[PDB]
$ cat data.tsv   # TSV, C-alpha atoms
chain	number	residue	atom	x	y	z
A	4	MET	CA	-30.20	8.27	-15.47
A	5	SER	CA	-29.19	11.75	-14.13
A	6	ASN	CA	-25.45	12.45	-13.57
A	7	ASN	CA	-26.65	13.68	-10.17
A	8	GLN	CA	-27.43	10.08	-9.15
A	9	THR	CA	-24.55	7.90	-7.98
A	10	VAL	CA	-24.05	4.70	-6.03
A	11	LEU	CA	-21.72	5.29	-3.09
A	12	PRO	CA	-18.85	2.76	-2.78
A	13	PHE	CA	-19.96	0.93	0.33
A	14	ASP	CA	-18.94	-2.75	0.41
A	15	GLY	CA	-20.98	-5.85	1.15
A	16	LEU	CA	-24.01	-4.33	2.82
A	17	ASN	CA	-26.71	-6.82	3.81
A	18	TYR	CA	-30.23	-5.42	4.18
A	19	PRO	CA	-29.05	-1.91	5.06
A	20	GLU	CA	-31.69	-0.04	7.08
A	21	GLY	CA	-31.38	3.56	8.26
A	22	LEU	CA	-28.61	5.90	7.23
A	23	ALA	CA	-27.33	9.29	8.36
A	24	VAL	CA	-25.11	12.05	7.02
A	25	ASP	CA	-22.92	14.48	8.97
A	26	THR	CA	-21.87	18.03	8.08
A	27	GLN	CA	-18.60	16.70	6.68
A	28	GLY	CA	-20.61	14.67	4.15
A	29	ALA	CA	-19.76	11.32	5.70
A	30	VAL	CA	-22.55	8.76	5.32
A	31	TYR	CA	-23.34	6.25	8.08
A	32	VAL	CA	-25.35	3.05	7.52
A	33	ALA	CA	-27.07	0.64	9.91
A	34	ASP	CA	-25.94	-2.54	8.14
A	35	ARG	CA	-28.48	-4.80	9.80
A	36	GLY	CA	-27.49	-8.10	8.20
A	37	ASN	CA	-23.85	-7.66	9.23
A	38	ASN	CA	-24.51	-6.40	12.78
A	39	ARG	CA	-22.43	-3.28	12.17
A	40	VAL	CA	-22.49	0.43	11.44
A	41	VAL	CA	-20.33	1.54	8.52
A	42	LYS	CA	-19.19	5.06	7.65
A	43	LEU	CA	-18.00	6.34	4.27
A	44	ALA	CA	-16.13	9.63	4.35
A	45	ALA	CA	-16.97	11.97	1.48
A	46	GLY	CA	-15.00	10.93	-1.59
A	47	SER	CA	-13.57	7.78	0.01
A	48	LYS	CA	-13.64	4.40	-1.74
A	49	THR	CA	-13.02	2.53	1.58
A	50	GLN	CA	-15.82	2.36	4.13
A	51	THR	CA	-15.01	2.23	7.84
A	52	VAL	CA	-16.62	-0.16	10.30
A	53	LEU	CA	-17.29	1.83	13.46
A	54	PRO	CA	-16.21	0.49	16.89
A	55	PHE	CA	-19.59	-0.57	18.20
A	56	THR	CA	-19.57	-4.05	19.72
A	57	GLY	CA	-22.19	-6.69	20.28
A	58	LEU	CA	-24.89	-5.38	17.92
A	59	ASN	CA	-27.84	-7.59	16.94
A	60	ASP	CA	-29.87	-6.21	14.02
A	61	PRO	CA	-29.03	-2.50	14.09
A	62	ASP	CA	-31.85	-0.68	12.30
A	63	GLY	CA	-31.23	3.05	12.61
A	64	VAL	CA	-28.34	5.48	12.92
A	65	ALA	CA	-28.08	9.17	13.75
A	66	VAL	CA	-25.15	11.53	14.23
A	67	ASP	CA	-25.26	14.62	16.43
A	68	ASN	CA	-23.50	17.94	15.95
A	69	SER	CA	-20.62	16.80	18.16
A	70	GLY	CA	-20.00	13.69	16.04
A	71	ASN	CA	-21.45	11.19	18.47
A	72	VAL	CA	-23.08	8.27	16.63
A	73	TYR	CA	-26.28	6.64	17.88
A	74	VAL	CA	-27.56	3.23	16.80
A	75	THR	CA	-30.79	1.38	17.53
A	76	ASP	CA	-29.52	-2.07	18.50
A	77	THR	CA	-32.99	-3.44	17.92
A	78	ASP	CA	-32.68	-7.11	18.92
A	79	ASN	CA	-30.67	-6.24	22.07
A	80	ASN	CA	-33.50	-3.81	23.04
A	81	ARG	CA	-31.09	-0.90	23.50
A	82	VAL	CA	-29.73	2.28	21.94
A	83	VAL	CA	-25.94	2.70	21.92
A	84	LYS	CA	-24.06	6.01	21.69
A	85	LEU	CA	-20.49	5.97	20.37
A	86	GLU	CA	-18.73	9.01	21.81
A	87	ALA	CA	-16.66	11.01	19.32
A	88	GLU	CA	-12.83	10.59	19.50
A	89	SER	CA	-12.80	8.39	22.64
A	90	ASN	CA	-14.99	5.72	21.00
A	91	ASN	CA	-16.53	4.97	24.38
A	92	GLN	CA	-19.81	3.10	24.01
A	93	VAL	CA	-22.63	4.29	26.26
A	94	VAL	CA	-25.95	2.49	26.49
A	95	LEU	CA	-28.54	5.29	26.67
A	96	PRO	CA	-30.80	5.21	29.76
A	97	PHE	CA	-34.06	4.30	28.08
A	98	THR	CA	-36.41	2.41	30.40
A	99	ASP	CA	-38.67	-0.48	29.37
A	100	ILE	CA	-38.02	-0.17	25.63
A	101	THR	CA	-38.32	-3.16	23.28
A	102	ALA	CA	-37.23	-3.24	19.62
A	103	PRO	CA	-36.22	0.42	19.16
A	104	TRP	CA	-36.17	0.82	15.40
A	105	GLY	CA	-35.88	4.26	13.82
A	106	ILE	CA	-33.81	7.04	15.38
A	107	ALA	CA	-33.27	10.76	15.04
A	108	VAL	CA	-31.39	13.32	17.13
A	109	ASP	CA	-32.26	17.01	17.38
A	110	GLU	CA	-30.04	20.07	17.67
A	111	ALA	CA	-30.00	19.84	21.47
A	112	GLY	CA	-28.92	16.19	21.41
A	113	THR	CA	-32.32	14.79	22.35
A	114	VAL	CA	-32.83	11.28	20.97
A	115	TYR	CA	-36.12	10.11	19.47
A	116	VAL	CA	-36.91	6.51	18.51
A	117	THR	CA	-39.73	4.50	17.05
A	118	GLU	CA	-40.66	1.19	18.68
A	119	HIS	CA	-42.35	-1.76	17.06
A	120	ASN	CA	-43.45	-3.52	20.30
A	121	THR	CA	-46.09	-0.88	21.03
A	122	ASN	CA	-46.11	1.40	17.95
A	123	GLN	CA	-44.84	4.46	19.81
A	124	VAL	CA	-42.37	7.29	19.47
A	125	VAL	CA	-40.21	7.75	22.56
A	126	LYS	CA	-38.10	10.83	23.40
A	127	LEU	CA	-35.05	10.79	25.78
B	8	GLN	CA	-38.05	9.71	28.97
B	9	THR	CA	-41.50	10.46	27.47
B	10	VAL	CA	-43.86	8.80	24.96
B	11	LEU	CA	-44.93	11.40	22.43
B	12	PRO	CA	-48.73	11.62	22.01
B	13	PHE	CA	-49.07	10.32	18.48
B	14	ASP	CA	-52.33	8.44	17.83
B	15	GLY	CA	-52.88	5.28	15.87
B	16	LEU	CA	-49.44	4.47	14.52
B	17	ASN	CA	-49.06	0.99	13.01
B	18	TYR	CA	-45.48	-0.28	12.55
B	19	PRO	CA	-43.72	3.11	12.58
B	20	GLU	CA	-40.37	2.95	10.78
B	21	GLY	CA	-38.17	6.00	10.24
B	22	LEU	CA	-38.65	9.32	11.98
B	23	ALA	CA	-37.21	12.80	11.68
B	24	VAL	CA	-37.06	15.97	13.78
B	25	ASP	CA	-36.91	19.51	12.38
B	26	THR	CA	-35.14	22.64	13.64
B	27	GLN	CA	-38.26	23.55	15.71
B	28	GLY	CA	-38.60	20.16	17.40
B	29	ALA	CA	-41.50	18.87	15.32
B	30	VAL	CA	-41.33	15.09	14.90
B	31	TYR	CA	-42.26	13.33	11.64
B	32	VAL	CA	-42.99	9.60	11.40
B	33	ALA	CA	-43.17	7.17	8.51
B	34	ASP	CA	-46.31	5.36	9.69
B	35	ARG	CA	-45.69	2.44	7.39
B	36	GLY	CA	-48.69	0.28	8.31
B	37	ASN	CA	-51.05	3.18	7.63
B	38	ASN	CA	-49.41	4.39	4.40
B	39	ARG	CA	-49.01	7.91	5.79
B	40	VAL	CA	-46.60	10.41	7.33
B	41	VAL	CA	-47.58	12.00	10.64
B	42	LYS	CA	-46.18	15.21	12.17
B	43	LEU	CA	-46.37	16.35	15.81
B	44	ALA	CA	-45.17	19.82	16.80
B	45	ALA	CA	-43.23	20.03	20.06
B	46	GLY	CA	-45.61	19.99	23.02
B	47	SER	CA	-48.75	19.76	20.85
B	48	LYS	CA	-52.02	17.89	21.42
B	49	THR	CA	-52.54	17.76	17.64
B	50	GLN	CA	-50.96	15.50	15.04
B	51	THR	CA	-51.03	16.26	11.31
B	52	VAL	CA	-51.26	13.78	8.46
B	53	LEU	CA	-49.14	15.42	5.81
B	54	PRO	CA	-50.51	15.68	2.23
B	55	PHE	CA	-48.37	13.03	0.63
B	56	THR	CA	-50.50	11.02	-1.82
B	57	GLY	CA	-50.58	7.37	-2.76
B	58	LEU	CA	-47.96	6.02	-0.35
B	59	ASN	CA	-47.36	2.26	-0.21
B	60	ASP	CA	-45.30	0.99	2.76
B	61	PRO	CA	-43.39	4.26	3.29
B	62	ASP	CA	-40.29	3.49	5.35
B	63	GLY	CA	-38.19	6.61	5.85
B	64	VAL	CA	-38.66	10.32	6.39
B	65	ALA	CA	-36.31	13.30	6.45
B	66	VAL	CA	-36.85	17.06	6.74
B	67	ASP	CA	-34.56	19.85	5.51
B	68	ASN	CA	-33.90	23.26	7.09
B	69	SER	CA	-36.61	24.91	5.00
B	70	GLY	CA	-39.25	22.38	5.94
B	71	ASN	CA	-39.45	20.23	2.84
B	72	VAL	CA	-40.28	16.63	3.80
B	73	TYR	CA	-38.78	13.65	1.96
B	74	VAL	CA	-40.16	10.11	2.08
B	75	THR	CA	-39.06	6.74	0.78
B	76	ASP	CA	-42.25	5.36	-0.75
B	77	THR	CA	-40.74	1.91	-0.67
B	78	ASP	CA	-43.21	-0.33	-2.46
B	79	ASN	CA	-43.86	2.28	-5.16
B	80	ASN	CA	-40.11	2.34	-5.90
B	81	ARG	CA	-39.91	6.11	-5.56
B	82	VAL	CA	-38.80	8.91	-3.26
B	83	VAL	CA	-41.29	11.76	-2.85
B	84	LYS	CA	-40.89	15.29	-1.57
B	85	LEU	CA	-43.57	17.53	-0.06
B	86	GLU	CA	-42.71	21.11	-0.95
B	87	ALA	CA	-42.95	23.41	2.07
B	88	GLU	CA	-45.60	26.13	1.88
B	89	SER	CA	-47.17	24.94	-1.49
B	90	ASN	CA	-47.81	21.43	-0.06
B	91	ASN	CA	-47.34	19.97	-3.55
B	92	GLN	CA	-45.86	16.47	-3.71
B	93	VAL	CA	-43.19	15.85	-6.34
B	94	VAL	CA	-41.38	12.63	-7.24
B	95	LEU	CA	-37.61	13.03	-6.98
B	96	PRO	CA	-35.84	12.10	-10.24
B	97	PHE	CA	-34.22	8.88	-9.15
B	98	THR	CA	-33.83	6.38	-11.99
B	99	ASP	CA	-34.27	2.64	-11.63
B	100	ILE	CA	-34.39	2.47	-7.85
B	101	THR	CA	-36.31	-0.43	-6.37
B	102	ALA	CA	-37.34	-0.59	-2.72
B	103	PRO	CA	-35.79	2.63	-1.39
B	104	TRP	CA	-35.76	2.25	2.37
B	105	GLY	CA	-33.78	4.55	4.66
B	106	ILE	CA	-33.35	8.24	3.89
B	107	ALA	CA	-31.22	11.15	5.01
B	108	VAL	CA	-30.77	14.68	3.64
B	109	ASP	CA	-27.55	16.67	4.08
B	110	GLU	CA	-27.12	20.37	4.70
B	111	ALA	CA	-26.89	21.00	0.94
B	112	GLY	CA	-30.19	19.24	0.22
B	113	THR	CA	-28.62	16.12	-1.24
B	114	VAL	CA	-30.74	13.02	-0.69
B	115	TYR	CA	-29.23	9.68	0.34
B	116	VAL	CA	-31.17	6.41	0.46
B	117	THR	CA	-30.56	2.78	1.21
B	118	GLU	CA	-32.32	0.33	-1.09
B	119	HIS	CA	-33.27	-3.27	-0.50
B	120	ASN	CA	-33.22	-4.59	-4.07
B	121	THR	CA	-29.42	-4.55	-4.35
B	122	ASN	CA	-28.26	-3.42	-0.85
B	123	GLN	CA	-26.75	-0.13	-2.07
B	124	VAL	CA	-26.64	3.47	-0.94
B	125	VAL	CA	-27.74	5.91	-3.64
B	126	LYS	CA	-27.01	9.65	-3.58
B	127	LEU	CA	-29.02	12.24	-5.55
B	128	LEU	CA	-27.55	15.73	-5.78

$ encode --input "data.tsv" --output "structure tokens"
Amino acid sequence: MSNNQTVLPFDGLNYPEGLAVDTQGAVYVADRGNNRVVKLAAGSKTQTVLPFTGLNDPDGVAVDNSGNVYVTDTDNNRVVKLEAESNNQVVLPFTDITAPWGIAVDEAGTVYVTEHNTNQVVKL
Amino acid sequence: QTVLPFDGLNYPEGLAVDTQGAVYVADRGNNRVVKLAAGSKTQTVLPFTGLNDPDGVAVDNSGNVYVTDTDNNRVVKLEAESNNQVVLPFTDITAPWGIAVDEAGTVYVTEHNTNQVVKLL
């Protein structure tokens, strides 16, 4: 083992899927089997469950340069944005999407997802 | 909303987007990673070798591409410019799954054998 390899002190993950990291070094995990997104601040030993509600099998997470957090809420066929500070949840205006899976956000805030229903990449 | 003109994906999993808007996909059902530059009518199969159910992809600011080669229990990196694949020196990781890379180049993965997050500086 290298000293450069460490296990981060998340707690009780169940089939974790995608993860993301922000410029503060906080790590975000789509904890699919617990229907939640957890965040571990750099150096913390206590993870934080983020204030999304009503998730069903979240599979991917991304964080933009303003600190908004995006999750693919796969089995609700939607992508949810958690606005920084306010913690408002916004369902992004994708049309006719089923089982969004992976997610990434670019520097401009454009959201990209993979979809299993039809094997496509969709940009919003 | 637009569908990007990738061709022939089968069970795409993770994706990534670089500082120039190129999109990279872990095309898990085809054991390959596909890249599409912004606005292009051409996709590129990147020269990763020997992938087996790759699940996640990430790309750093200098264009290196990182992939969780899940069923080979390894994380691989395609060096920008040389296009040589290297295996990152993780030890005893099984079923690495999601991936992200921070601004320092540190690699973070989820893994499905024991449900952990592993960091490699």

$ closest_atom_pairs --input "data.tsv" --of "chain B" --to "chain A" --cutoff "8 Å" --atoms "all atoms listed in the file" --output "Markdown table"
| residue | atom | partner | partner_atom | distance |
| --- | --- | --- | --- | --- |
| B:8 | CA | A:127 | CA | 4.5 |
| B:9 | CA | A:126 | CA | 5.3 |
| B:10 | CA | A:125 | CA | 4.5 |
| B:11 | CA | A:124 | CA | 5.7 |
| B:13 | CA | A:123 | CA | 7.3 |
| B:16 | CA | A:122 | CA | 5.7 |
| B:17 | CA | A:122 | CA | 5.8 |
| B:18 | CA | A:119 | CA | 5.7 |
| B:19 | CA | A:122 | CA | 6.1 |
| B:20 | CA | A:105 | CA | 5.6 |
| B:21 | CA | A:105 | CA | 4.6 |
| B:22 | CA | A:105 | CA | 6.1 |
| B:23 | CA | A:107 | CA | 5.6 |
| B:24 | CA | A:109 | CA | 6.1 |
| B:25 | CA | A:109 | CA | 7.3 |
| B:26 | CA | A:110 | CA | 7.0 |
| B:28 | CA | A:109 | CA | 7.1 |
| B:63 | CA | A:21 | CA | 7.8 |
| B:96 | CA | A:5 | CA | 7.7 |
| B:97 | CA | A:8 | CA | 6.9 |
| B:98 | CA | A:4 | CA | 5.4 |
| B:99 | CA | A:4 | CA | 7.9 |
| B:104 | CA | A:20 | CA | 6.6 |
| B:105 | CA | A:21 | CA | 4.4 |
| B:106 | CA | A:22 | CA | 6.3 |
| B:107 | CA | A:23 | CA | 5.5 |
| B:108 | CA | A:24 | CA | 7.1 |
| B:109 | CA | A:24 | CA | 6.0 |
| B:110 | CA | A:26 | CA | 6.7 |
| B:115 | CA | A:22 | CA | 7.9 |
| B:116 | CA | A:22 | CA | 7.3 |
| B:117 | CA | A:19 | CA | 6.3 |
| B:118 | CA | A:19 | CA | 7.3 |
| B:119 | CA | A:18 | CA | 6.0 |
| B:122 | CA | A:16 | CA | 5.7 |
| B:123 | CA | A:10 | CA | 6.8 |
| B:124 | CA | A:11 | CA | 5.7 |
| B:125 | CA | A:10 | CA | 4.6 |
| B:126 | CA | A:9 | CA | 5.3 |
| B:127 | CA | A:8 | CA | 4.5 |
| B:128 | CA | A:7 | CA | 4.9 |

$ residues_around --input "data.tsv" --residues "residue 70 (chain B)" --least-positions-apart "6" --cutoff "10 Å" --atoms "all atoms listed in the file" --output "list in words"
residues 25, 26, 27, 85, 86, 87 and 88 of chain B

$ write_last_selection --input "data.tsv" --atoms "C-alpha atoms" --output "short mmCIF file (atom, residue, chain, number, x, y, z; two decimals), keeping the file's coordinate frame"
data_model
loop_
_atom_site.label_atom_id
_atom_site.label_comp_id
_atom_site.auth_asym_id
_atom_site.auth_seq_id
_atom_site.Cartn_x
_atom_site.Cartn_y
_atom_site.Cartn_z
CA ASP B 25 -36.91 19.51 12.38
CA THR B 26 -35.14 22.64 13.64
CA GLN B 27 -38.26 23.55 15.71
CA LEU B 85 -43.57 17.53 -0.06
CA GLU B 86 -42.71 21.11 -0.95
CA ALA B 87 -42.95 23.41 2.07
CA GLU B 88 -45.60 26.13 1.88
#

$ atom_distance --input "data.tsv" --atom1 "CA of residue 92 (chain A)" --atom2 "CA of residue 55 (chain A)"
6.9 Å

$ residues_near_point --input "data.tsv" --point "(-21.2, 10.1, 18.6)" --cutoff "10 Å" --atoms "all atoms listed in the file" --output "number ranges by chain"
A: 65-74, 83-93

$ residues_around --input "data.tsv" --residues "region 39-56 of chain B" --least-positions-apart "5" --cutoff "6 Å" --atoms "only C-alpha atoms" --output "number ranges by chain"
B: 28-34

$ write_last_selection --input "data.tsv" --atoms "C-alpha atoms" --output "mmCIF file, in the coordinates of the input"
data_model
loop_
_atom_site.group_PDB
_atom_site.id
_atom_site.type_symbol
_atom_site.label_atom_id
_atom_site.label_comp_id
_atom_site.auth_asym_id
_atom_site.auth_seq_id
_atom_site.Cartn_x
_atom_site.Cartn_y
_atom_site.Cartn_z
ATOM 1 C CA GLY B 28 -38.600 20.160 17.400
ATOM 2 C CA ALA B 29 -41.500 18.870 15.320
ATOM 3 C CA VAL B 30 -41.330 15.090 14.900
ATOM 4 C CA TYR B 31 -42.260 13.330 11.640
ATOM 5 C CA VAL B 32 -42.990 9.600 11.400
ATOM 6 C CA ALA B 33 -43.170 7.170 8.510
ATOM 7 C CA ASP B 34 -46.310 5.360 9.690
#

$ atom_distance --input "data.tsv" --atom1 "CA of residue 14 (chain B)" --atom2 "CA of residue 37 (chain B)"
11.5 Å

$ atom_distance --input "data.tsv" --atom1 "CA of residue 82 (chain A)" --atom2 "CA of residue 12 (chain B)"
21.2 Å

$ residues_around --input "data.tsv" --residues "residue 73 (chain B)" --least-positions-apart "5" --cutoff "6 Å" --atoms "only C-alpha atoms" --output "JSON, numbers by chain"
{"B": [64, 65, 83, 84]}

$ closest_residue --input "data.tsv" --among "B:15, B:112, B:38, B:91" --to "residue 75 (chain B)" --atoms "all atoms listed in the file"
B:38

$ residues_around --input "data.tsv" --residues "residue 81 (chain A)" --least-positions-apart "5" --cutoff "8 Å" --atoms "all atoms listed in the file" --output "VMD selection string"
chain A and resid 75 to 76 94 to 95 97 100 to 103
